[PDB]
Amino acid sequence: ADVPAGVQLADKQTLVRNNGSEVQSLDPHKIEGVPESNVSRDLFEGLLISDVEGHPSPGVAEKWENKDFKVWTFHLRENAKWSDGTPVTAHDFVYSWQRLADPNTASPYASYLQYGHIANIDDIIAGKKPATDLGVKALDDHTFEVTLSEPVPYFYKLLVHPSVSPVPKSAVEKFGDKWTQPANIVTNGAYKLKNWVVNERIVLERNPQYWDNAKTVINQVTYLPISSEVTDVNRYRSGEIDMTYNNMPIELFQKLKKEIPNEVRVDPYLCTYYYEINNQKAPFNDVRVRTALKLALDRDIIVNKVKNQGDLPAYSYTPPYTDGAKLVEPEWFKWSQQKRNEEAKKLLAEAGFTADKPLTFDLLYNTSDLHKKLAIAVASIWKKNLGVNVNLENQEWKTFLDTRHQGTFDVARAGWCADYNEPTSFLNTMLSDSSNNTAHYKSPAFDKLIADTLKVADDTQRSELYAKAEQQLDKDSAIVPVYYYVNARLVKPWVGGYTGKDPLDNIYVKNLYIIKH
């Protein structure tokens, strides 16, 4: 943390953050969400990290170079250490990236190495080559070299993500799935795991072996698993919570803006809220059905009337303000909602649905007051505008993600936030073979458009291809875009270090501090 001159620090440097839900896991290769990444950044540190404003900056790697954007050489700092005092080396990275690639690990982020194009990843994911063939090597204990199959000018931006953080081989091997328990875990971030009580709390304590420990200020941070946005606000206002999770309750938001304006933080956020259709399950394998659902949802009602927290109506998957996004707004987005409704009803009628045999399906969401209120609204809108019936279902976060990966669903609410600020952070997740493809969407045309983006050595042609890829996704109605998020949360006035400038919201508790109050 960089405490400004003149700031008086509180005697007790402890922080309590709400984290939305119980995490899927503390193993960097088994996680896929925001609650998981929030804790992961305090515990595991990769090659690069985001600074307090979100820029890619030195992590375990103090400096790096690239040859033709294809061979990347990372010089690791000599004092990087794990919490048990042992050095973090390039061999840790070699093992870790191999473990991420290995199909036996079944990582939801195995395809992150395809997004970066590390050599031999396609064959390793397919079981054709062992994970030890991955294009990574430790040239010495402090030098990690990565070899890509084609030039990727933005490759280093990928490296702040939890999936490419190191994991401690000795603990993994000796304890298997219990390696992350407090008695067994070993970490290399600013913090160490002190306690983990499922559905109660995760408590982290400062890691004295962290190389940048002298600048860490918070000595302990607690992450809670509260999925009720009302309860989160309540426990924030009672004094227990210093930072809410970034899901705000529809019941209280307008009043909070009038009552504690300076604590209500609202900033840009590279995430899209949408309804994820299971593209492989009848009748959702019919484009007319997906198109009808997409058009009949009234974004103005959801964004401005129901939620009304500053979000923007969406017509794409990739947020239009992503670095490199130059998207074309489809004509259907400028139509009236009545024109959208008629087209929707016409398409559903063409697909075989009638008043006597209407379309009925499930709408799955992760337990949350905000997502329930939005799903109820979407249900009413779809019923009114299109004559479709929906059965709402809630599942706790970990179960919900597993369900979507399994494809045991019809339609599910969904949010995707960027992992790196570049359109492929969204677009690669819709590739046929992506481990992140929970839409179960497979389009050779879309795959080809994205494959072409790194074949050209030009940025503007690249932006045009991303735009065409989005048009292909839209033409197929792979998803139902709802809104581009704003990041809204409450932060106590005595929590220093949180700018709100990072559009990825990659917070590190090592950067924060408690001001005397």
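Start at 1 and count along the sequence shown; that's the residue number. If you superpose the two forms and keep the largest set of C-alpha atoms that fall within 1.5 Å, you have the rigid core.
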Superpose by the rigid core: which stretch, 145-153 or 322-330, shows more Cα shift in 9 other deposited structures of this protein? 322-330
Once the rigid core is lined up, would you tell me whether 413-421 or 77-85 has the higher RMS CA deviation in 9 other deposited structures of this protein? 413-421
Name the higher of the two by mean Cα B-factor in the PDB entry, 31-39 versus 468-476. 468-476
Out of 329-337 and 67-75, which stretch has the higher average CA B-factor listed in the record? 329-337
Going by the entry, which of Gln181, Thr322, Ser163, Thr438 has the most elevated CA B factor? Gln181
Pick out which of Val233, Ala412, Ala445, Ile121 has the highest C-alpha B-factor in the PDB entry. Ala445
With respect to C-alpha B-factor, does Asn18 fall in the lowest, middle or highest third of the chain as deposited? lowest
By the recorded C-alpha temperature factor, relative to the other modelled residues in its chain, which third is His517 in? highest
Compare the C-alpha B factor of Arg290 with those of the other modelled residues in its chain, then answer lowest, middle or highest third. middle
Record-listed C-alpha B factor of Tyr191: chain third: lowest
Quick tally, chain-level thirds of C-alpha B-factors: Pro225 sits in the lowest
